[PDB]
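Overview (structure and organization)
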Amino acid sequence: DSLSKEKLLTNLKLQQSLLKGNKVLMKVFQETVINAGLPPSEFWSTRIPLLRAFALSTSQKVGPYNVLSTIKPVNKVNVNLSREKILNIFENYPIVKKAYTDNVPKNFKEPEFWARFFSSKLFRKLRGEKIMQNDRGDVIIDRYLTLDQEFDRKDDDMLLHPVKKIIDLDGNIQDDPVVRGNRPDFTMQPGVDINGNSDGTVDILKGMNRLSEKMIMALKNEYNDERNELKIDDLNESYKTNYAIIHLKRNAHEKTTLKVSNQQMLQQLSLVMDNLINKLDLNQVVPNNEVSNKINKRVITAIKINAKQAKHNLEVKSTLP
Amino acid sequence: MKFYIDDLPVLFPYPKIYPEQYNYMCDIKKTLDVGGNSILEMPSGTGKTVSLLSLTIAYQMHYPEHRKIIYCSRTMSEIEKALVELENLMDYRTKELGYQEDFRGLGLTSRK
Amino acid sequence: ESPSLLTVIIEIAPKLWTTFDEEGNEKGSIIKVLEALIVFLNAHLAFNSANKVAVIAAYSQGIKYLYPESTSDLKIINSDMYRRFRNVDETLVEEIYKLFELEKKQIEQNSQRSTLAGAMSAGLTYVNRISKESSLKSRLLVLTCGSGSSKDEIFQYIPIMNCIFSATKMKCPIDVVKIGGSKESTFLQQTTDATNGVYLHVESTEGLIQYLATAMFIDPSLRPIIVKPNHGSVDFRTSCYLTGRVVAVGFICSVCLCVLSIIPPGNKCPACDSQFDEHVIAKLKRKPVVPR
Amino acid sequence: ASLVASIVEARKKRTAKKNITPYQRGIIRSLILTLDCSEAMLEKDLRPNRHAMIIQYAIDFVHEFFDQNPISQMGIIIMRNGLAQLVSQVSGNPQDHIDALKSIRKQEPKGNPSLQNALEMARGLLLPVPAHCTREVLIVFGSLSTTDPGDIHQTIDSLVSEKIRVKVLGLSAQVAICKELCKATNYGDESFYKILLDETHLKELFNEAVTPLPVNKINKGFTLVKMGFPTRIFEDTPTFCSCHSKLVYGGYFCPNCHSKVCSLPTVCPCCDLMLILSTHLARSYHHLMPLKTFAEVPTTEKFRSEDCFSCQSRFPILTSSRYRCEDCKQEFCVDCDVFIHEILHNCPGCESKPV
Amino acid sequence: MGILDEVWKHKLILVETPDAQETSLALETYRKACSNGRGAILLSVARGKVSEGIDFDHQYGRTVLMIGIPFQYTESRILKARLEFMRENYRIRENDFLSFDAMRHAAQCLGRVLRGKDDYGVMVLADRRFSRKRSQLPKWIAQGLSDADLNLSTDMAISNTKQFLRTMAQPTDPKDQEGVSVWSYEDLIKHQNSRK
Amino acid sequence: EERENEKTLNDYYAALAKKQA
Ligand SMILES: [Zn+2]
Ligand SMILES: [Zn+2]
Ligand SMILES: [Zn+2]
Ligand SMILES: [Zn+2]
Ligand SMILES: [Zn+2]
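Calculation notes
Residues numbered from 1 in each chain as written, not as in the entry; some residues may be left out. Chains lettered and ligands numbered in written order. Part of a larger assembly, values for the part shown. Heavy atoms only, no water. Helix = DSSP H or I, 4+ residues; strand = E, 2+ residues; numbered from the N terminus. Rg over C-alpha atoms; globule rule 2.2 N^0.38 Å. Buried < 20%, exposed > 50% of the residue type's maximum accessible area, 1.4 Å probe, protein only. Areas by Shrake-Rupley, 256 points an atom, 1.4 Å probe, with all protein chains shown as cover. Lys, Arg positive; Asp, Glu negative; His and termini not counted. Charge placed at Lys NZ, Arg CZ, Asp CG, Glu CD. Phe/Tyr/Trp six-rings, centres within 6.5 Å; stacked < 30°, edge-to-face > 60°. 1 Å grid on protein atoms, 1.4 Å probe; cavity = no way out; pocket = protein on both sides within 12 Å on 5 of 7 lines; lining within 4 Å. Points joined across faces, edges and corners; volume = space filled by probe spheres on them. Nonpolar A, V, L, I, M, F, W, Y, C, P; charged D, E, K, R; others polar. Salt bridge = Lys/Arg side-chain N within 4 Å of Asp/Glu carboxyl O. Pairing = 2+ DSSP bridges. Core = buried A, V, L, I, M, F, W, Y, C linked by side-chain atoms within 4.5 Å. Contact = heavy atoms within 4.5 Å. Buried area = accessible area lost by both parts, 1.4 Å probe. Polar contact = N/O pair within 3.5 Å; in protein donor to acceptor, adjacent residues only side chain to side chain. Donors = N, O, S within 2.8 Å, 3.2 Å for Na, K, Ca; no water. Tetrahedral: all angles 85-135°; square planar, octahedral: opposite > 155°, others 65-115°. Axes fitted to C-alpha atoms, helices over the stretch in contact; angles between N-to-C directions. Parallel < 35°, antiparallel > 145°, perpendicular 65-115°, else oblique. Patch = residues over 30% accessible without salt bridge, like charges linked within 9 Å, V, L, I, M, F, W, Y side chains within 5 Å. Right-handed = clockwise from strand over helix to strand, strands pointing away.

Method of determination for the deposited model, per the PDB record: cryo-EM, at 3.6 Å resolution.

Shown next, in the form of structure tokens:
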């Protein structure tokens, strides 16, 4: 894809996009690629992550979500829309896009279309709302109602597919095809009206069902099994780590570019013991005034060097213009 | 594993086992040996199909009578789960006993 | 401003000081150092009445806490001095007398490795105990004699380098005073530089009090305002693993992090027995590319 | 029994610390910190709120991470409005990451999270990482749902192919995808998904992640990395730095091209050669030769000394208040045992014992 | 009202329909959403197709919300005739049988949450008439029903659920279940010898 | 003034497009 070294080095449009915005990078490019003569290809060789990071920012999209449910009209009612939301409506509801592309540039402007769409029955049908015959709807959008019904049939086929026998409820009712018992009470069947026709509540239930199926199928875009699921994992052998161990043997050569005997050590150890037991004078520690000056001079010699270095150990003030 | 009941060697398809499964198997074997009906209620969180198949298959494969087994479920999906569990049990038995013993097991449903 | 704990780590051993005396013309110089240390500790107790003192001696066969004395009286020093100073000086000399007599008993015992790393580690533990027990600063002083030719300091690398990080976590500057022929100790010098400490090297034992009172007398409470008298400059470099020469640019194993000046023989690490891929090592072996 | 209850609890805690084997750990790391900034993070379960506490601990984690792993790299990502926003590129400078985190502290979290977008961004940031570095992602998840534009399973497979490792710190409860992401990515291990139970546990979880992750035996990436040890210079006049092109009084000198740098450890901006000091490598020696745990000495046997070997503390006179090291056989006090295995990394008795 | 709109922000909504094949697709979508972290909520009937063989374990099952006791339609001639027949012949009270029929369906759905002992889930029975039906539930479900949970509110139940889900997400100590809830070959033999 | 910096870049990139094309 467009996230590799080869393609990013060749994507000149992207290379211009980030350089246009970035200032410090732009300054360097101007001095080194325009007047100095450095090839453009080599300049971007060492800045691959910068190019990739800039592309990923605009190359990612939000996930599918019910857009019309979040839309609350809030006599006049003001409903706030956004460009991102408008694109989302087109993606989640292809019928809305169909009515949009064929009318916006030909008959009426975009703002009129959205005002009509919200006041139409399609916006109530697309939403999981029971259509009321009392509602007037909108003339333009109401025509597409039949088209949406046809699209729903197409969507049902686009989603229909064989299901694993583990969760295949169709076969359970067909296990015995000759079951002739008592018909279930009206509580276990879809609601009906006086005339015996449907009330329309199952339609909205399927509508939300269809929306969820479409959203999940969108995730799995271009971008045996039952054996593992039916097994009890808790009864299996606990996971065992396969980490590696290292025994570090430490032995290295010594760094490269008068020994006394035990008798001498004992004599010196006796001498220090004899000096300590006899008497210890702390006053003799004072120097003789001939080495004290030398000692101070040596120490001050290092202080001056350290003080000079430590005095100058946001850019520092410069004397140049 | 492969543990022993009073006279019945039973091969569990897992290295571990719950206390309930052993009690469930012991009670089932008592029911079969003594003859008659019984009602057992084991929690759904404990391996249930494995216990029944493991013991019942062993009972058929050990005693001379070689009694057959009838496993009645309520839906076609449950038959698949039982058969999948049975396949795992038989595969484990073949791996442990060293040979595929003469065993035939089939489900049943409608033509549809 | 606040009390500060002083922990002195003195490295006394028959093999070290005897060589120092033989190399020079000073006999019994250890007495001079001991007296200078006694005065130095008394000076620390005079800077404030709330600061304690700790002395840990590293002898040939281990370490011993000279002060404070373990819970488990010849007159070396005159009793006319201050009570608090005497209470510390007298105990220090008595423990010194006991330790050297013990060392003399085991003179024939074989001791090949120095015990400076252990003493420094013990001192850091004491600093933590004081800090947690009872708002007290800390300071470590390593008074080692480098005149004696050391056998091998490599084994002192891993321990000492570990004390640097610990010392930097408790804000405990470690000062080092070296008395010996060698001008620089690449391990001790790094310890002082990386811990806001002071390293000083002196060849003559006489007049040591002047060095101690003028250089290593800086308390932790006023470190930021006094420039250290350190003169040597360290490089923070380490020697190779199979050549023993300082390396400015080289190779290190990604598993054990052992420095290697050159590619190890056999295309295998000599520290962890890890086999390097032939292709990857061949990448390093490549030479610069120049047009024909 | 109250005092005995504490001791047995300490013994139980020590039980996990008794099995210390010298596992091979990857000292050179490449971490990506994915933080969650969504509507789910506006709750008040963590005072003042999840967003504030997580950022505060993240800053502390950044400080600790670079202190114990000086030759590692880190990046930070945030999940906002269903998209992954990059706030810090992979770099060894601890100050840049802290600066980015502080800026994030102001903006309010909103929108839905997206693990796939964050993981896909992480896959890219870690692509230009050498083969000797361990690519790791530390996700701090706070939501119970994930809205993604594509198949998360495909991304999980991609992460395994690139030898990336993922650690997830949830907030409310377990999530199935996160468990699979951590399990299928850590070679089957299920210990890399941690759910905090209070604020104190949260601090431990971040602190635990600071330590290097042990490597698997079948994952071999052994090699030699060309490193350099520069020498610090003290110049009287300011000079232009080769990294930021600014006037700095001091700086290190590279041994390969003589170009100067401001701070370490960083890769030379000229020869692309890593520059480090001997101290930076010494900081990780305790991860290769861990100190063997100390075993409580039973009171039945006799003791050596009445005071501690290292701190000279009188052992309090049932249970023996002494800990001994098998290598040197020296008793230690309870206080020393904690400081010798956490701050220090060398047994004073072993060093003091001659050989 | 606008309640489903709030639900959509957290989980996808899958509904059971009279058509069996469509419901199977809903289950397929419901399972996929649970695995990928998007989250889904399945609305189904207690006496329908999804409650008679479909199991929701591990991610699939984390909370079961029983909306009322699945009582039968009392005003049905077939049911009344059966109740009269049972009372006259088997001496079964009409109310007792209705409660027995209702609780056995409620328990059926509750038991489809757990497959192994490492699985967990929260069972909530939202009805006032459930308070006195604790003794009619299966034994293994009543033993976990604390006396304080016989009559709770939405806020109290939510608080308990948050604490429970947090607790069950922690690593379990192997020693606590080494030989008290899970048995190895050595443990099984020990139990046999001790009993013998 | 930044406008010339972008214009010269735009002219150079326009020249780049003209040169490459
Ligand atoms: Zn190595
Ligand atoms: Zn710079
Ligand atoms: Zn360089
Ligand atoms: Zn101690
Ligand atoms: Zn030891």
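Moving on to the overall build of chain A. Within chain A, the regular secondary structure consists of 17 helices and zero strands. In terms of overall size, chain A is more extended than a compact globule, its C-alpha atoms giving a radius of gyration of 43 Å where 321 residues would be expected to give roughly 20 Å. With respect to the principal axes defined by its C-alpha atoms, chain A has extents near 125 × 70 × 45 Å. Within chain A, buried positions represent 33% of all 321 residues. Carbon together with sulfur atoms contributes 52% to the accessible area of chain A, which is approximately 22,200 Å² in total. Averaging the locations of the 50 positively and 40 negatively charged side chains of chain A gives two centres separated by 13 Å.

With that out of the way, let us pick up the packing of aromatic side chains. Residues and elements named next belong to chain A. On inspection of all chains with the given rule, the structure shows 40 aromatic pairs over all chains. Centroid distance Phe90 to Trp114: 5.6 Å. Interplanar angle 55°. Geometry classified as tilted. Separated by 24 residues along the polypeptide, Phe90 in helix α7 (residues 83-92) and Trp114 in helix α9 (residues 110-119) bring together distant segments of the chain. Across this residue pair, the class does not change: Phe90 and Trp114 are buried. With centroids separated by 5.9 Å and ring planes inclined at 40°, the aromatic side chains of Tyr100 and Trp114 adopt a geometry described as tilted. Here the residue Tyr100 occupies a position in helix α8 (residues 94-101), and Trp114 occupies one in helix α9, the gap between them amounting to 14 residues.

Counted as a void, the largest cavity has a volume near 60 Å³. When grouped by side-chain class, the residues that make up the lining of the largest cavity number three nonpolar, no polar and six charged.

Further remarks concern the pattern of salt bridges. Scanning the model with the defined rule gives 50 salt bridges over all chains in all. In this structure, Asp175 of chain C engages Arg223 of chain C in a salt bridge whose closest nitrogen and oxygen atoms are separated by 3.0 Å. Within this pair, whereas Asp175 of chain C is found in strand β5 (residues 174-179), its partner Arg223 of chain C is found in the loop between α7 (208-214) and β7 (249-253), the two being separated by 48 residues in sequence. Assessed through its relative accessible area of 8%, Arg223 of chain C is described here as buried. Several salt bridges converge on common partners, so that one network encompasses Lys125, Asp148, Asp152 and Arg210 of chain A.

Before going further, it helps to spend a moment on the sheet that holds strand β12 (residues 274-275) of chain D. Strand order in this open sheet of five strands is β8(C)-β7(C)-β7(D)-β12(D)-β11(D), and the pairing throughout is mixed. Two strands close off the open sheet at either side, each with one partner strand: β8 (259-260) of chain C together with β11 (266-267) of chain D. Summarising the sheet, β7 of chain C and strand β7 (residues 224-228) of chain D pair through five bridges and their orientation is antiparallel. Opposite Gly250 of chain C, over in β7 of chain D, you have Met227 of chain D as the bridge partner.

Our next topic: the nonpolar core. Counting 52 residues, the largest nonpolar core has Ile12 and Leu208 of chain C as its most contacted members. Looking at this core, the element that brings in the most residues is helix α2 (residues 29-47) of chain C, giving ten residues. Look past the residues within four positions of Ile12 of chain C in its chain and what remains in contact with it is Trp17, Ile30, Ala57, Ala58, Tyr59, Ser60, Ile96, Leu99 and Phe100 of chain C. By size, the runner-up hydrophobic cluster in this structure holds 51 residues, among which are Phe117 and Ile216 of chain A together with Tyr30 and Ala33 of chain E.

Attention now goes to the interface of chain A and chain F. At the interface, 13 residues of chain A touch ten residues of chain F. Approximately 1,000 Å² of surface area, both sides summed, lies buried where chain A meets chain F, with 63% of it carried by carbon and sulfur atoms. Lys23 of chain A serves as the salt-bridge partner of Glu2 of chain F, at 3.3 Å between the closest nitrogen and oxygen. Put simply, chain A and chain F have one residue pair in polar contact between them. Those elements that provide at least two residues to the side of chain A that touches chain F are α2 (12-21) and α3 (24-35) of chain A. By residue class, the composition of the side of chain A that touches chain F is eight nonpolar, three polar and two charged.

To continue, consider the coordination of the zinc ion (ligand 1). All names here are of chain C. Those donors, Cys253 (SG), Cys256 (SG), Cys269 (SG) and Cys272 (SG), are the protein atoms that reach the zinc ion (ligand 1), and they lie 2.3 Å from it. Coordination geometry of the zinc ion (ligand 1): the four donor atoms subtend angles of 108 to 110° at the metal centre, consistent with an arrangement described as tetrahedral. Between the donor residues of the zinc ion (ligand 1), the gaps in sequence give the motif C-x2-C-x12-C-x2-C. Using a relative accessible area of 0% as the deciding quantity, one classes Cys253 as buried.

In this section: the packing of α2 of chain A against helix α5 (residues 48-58) of chain A. All names here are of chain A. The geometry of α2 relative to α5 is characterised by a closest axis approach of 10 Å and an angle of 90° between their N-to-C directions. The pairing of α2 with α5 is recorded here as roughly perpendicular in orientation. Side by side, α2 and α5 meet where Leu14, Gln15, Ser17 and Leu18 of the first sit next to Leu50, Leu51, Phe54 and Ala55 of the second. Taken together, the residues of the contact of α2 with α5 break down into six nonpolar, two polar and no charged.

Attention now moves to the sheet that holds strand β9 (residues 247-253) of chain D. Residues and elements named next belong to chain D. Read from one edge of the open sheet, three strands run β8-β9-β10, paired in antiparallel fashion. In this open sheet, the two strands that pair with only one neighbour each are β8 (231-240) and β10 (260-261). Pairing analysis gives six bridges linking β8 to β9, with the strands arranged antiparallel. Note that in β9 the partner of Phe234 across the bridge is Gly250.

Perfect tetrahedral coordination of a metal by four donors corresponds to 109.5 degrees between them, and perfect octahedral coordination by six donors corresponds to 90 or 180 degrees. All names here are of chain D. For the zinc ion (ligand 3), the full set of protein donor atoms is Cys254 (SG), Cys257 (SG), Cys268 (SG) and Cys271 (SG), at a range of 2.3 Å. Because the angles between the four donor atoms bound to the zinc ion (ligand 3) fall within 108 to 110°, the donor set is best described as tetrahedral. Here the donor residues of the zinc ion (ligand 3) share one chain and are spaced in sequence as C-x2-C-x10-C-x2-C. A residue pair is termed long-range when its members are at least 10 positions apart, and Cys254 in the loop between β9 and β10 and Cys271 in the loop between β11 and β12 qualify at 17 residues.

It is worth spelling out the interface of chain C and chain D at this point. Counting residues at the interface gives 59 residues for chain C and 49 residues for chain D. Between chain C and chain D, a total of about 4,900 Å² is buried, with carbon and sulfur atoms accounting for 65% of that surface. Linking chain C to chain D there are 14 residue pairs in polar contact. Mapped by element, the contributors of at least two residues to the side of chain C that touches chain D are β3 (62-67), α4 (116-132), α5 (157-169), β7, β8 and α8 (278-285) of chain C. Considering each element in turn, the side of chain C that touches chain D owes the most residues, ten residues, to α4 of chain C. When grouped by side-chain class, the residues that make up the side of chain C that touches chain D number 31 nonpolar, 20 polar and eight charged.

Here the protein chains form eight pairs of chains in contact, of which the pair with the most contacts is chains C and D. A gap remains between chain B and chain D, with no contact made and the closest C-alpha atoms lying 19 Å from each other.

Considered for burial, the residues of α7 of chain A that qualify are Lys85, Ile86, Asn88, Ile89, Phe90 and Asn92 of chain A. Summarising the contacts, the buried residues of α7 of chain A are in contact with α6 (67-70), α8, α9 and α14 (201-219) of chain A.

Once that is clear, we can look at a negative patch on the surface. Taken together, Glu229 and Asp233 of chain A, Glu190 of chain D together with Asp118 of chain E make up a surface patch of like negative charges. Within the secondary structure layout, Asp118 of chain E lies in the loop between α4 (94-110) and β4 (122-126). Exposure remark for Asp118 of chain E: the relative accessible area of 40% places this residue in the partly exposed category.

The subject of this paragraph is the environment of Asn107 of chain A. All names here are of chain A. Residue placement: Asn107 occurs in the loop between α8 and α9. Under the relative-accessibility criterion, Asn107 is labelled exposed at 60%. Residues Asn107 and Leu81, spaced 26 residues apart in sequence, show a C-alpha to C-alpha distance of 22 Å.

For the rest of this paragraph, the subject is the pairing of strand β2 (residues 73-80) of chain D. Residue and element names in this part refer to chain D. Within β2, seven of the eight residues are buried, leaving the element largely enclosed by the surrounding structure. Handedness of the crossover joining strand β1 (residues 29-36) and β2 through helix α2 (residues 50-68): right-handed. Alignment of β2 against strand β3 (residues 83-91), held across six bridges, turns out to be antiparallel. Among the inter-strand pairings, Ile76 is bridged to a residue of β3, identified as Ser88. Hairpin connection of β2 to β3: two residues between the antiparallel strands, including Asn81 at a positive phi of 55°.

As a further point, take the environment of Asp148 of chain A. All names here are of chain A. Positionally, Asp148 belongs in helix α12 (residues 145-159). When the C-alpha atoms of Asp148 and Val163 are compared, they prove to be 27 Å apart, with 15 residues separating the residues in sequence. When neighbours within four sequence positions are excluded, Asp148 is seen to be in contact with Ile95, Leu122, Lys125 and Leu126.

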